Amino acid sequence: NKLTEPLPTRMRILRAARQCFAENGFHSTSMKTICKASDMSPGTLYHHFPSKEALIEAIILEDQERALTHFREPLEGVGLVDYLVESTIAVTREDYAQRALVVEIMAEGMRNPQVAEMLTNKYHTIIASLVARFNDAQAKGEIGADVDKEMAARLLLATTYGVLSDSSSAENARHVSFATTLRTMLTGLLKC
């Protein structure tokens, strides 16, 4: 599977594209630079990624997948609120260049309608899973009943990316009051 070509080559290209985009931004990175960084000729590269847009699309889908691993399945062994607090803390401990690239894509999205639509699909898929977990907690009497789950998930996502986008978030999350304060915020959101 993961060791059957062209998957290794594709993933290597994506690693090189992730590094170029994170260091210099999407706009200023050319395909030639990605060729030079990945050691792949234009011919080979274009067989696997015909455009810069195809590369960022695959990256956004990877980011989407990482987010879904947290919420795809029903929670077992932790309350919803506690899990969300821990998830936000974990966000701050992730690969820094990966976080830098998430913000770069957010920025490109504001000025690139094609990238914005990719992010809309991403947030939709994450929101769906969050609402699914809000439903479980509600059916188990964990969260309030009169909660706009869709809007709550959108606002949780906003807070999450705001934290992801703040260079001092890893330091903030070292403080116990980050968890404590975030918990009051989220229990109010989900009316606990």
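Numbering starts at 1 and runs along the sequence shown.
Comparing 176 to 184 with 6 to 14, the stretch with the higher mean C-alpha B-factor in the PDB entry is 176 to 184. Taking only CA atoms, the mean B-factor in the PDB entry is higher for 78 to 86 than for the other of 78 to 86 and 97 to 105. Sorting 155, 31, 145, 59 by the CA temperature factor given in the entry leaves 145 at the top. Across 163, 67, 54, 137, the entry's maximum B-factor at the CA atom is seen for 137. Compared with the other modelled residues of the chain, the Cα B-factor recorded for residue 19 ranks in the lowest third.
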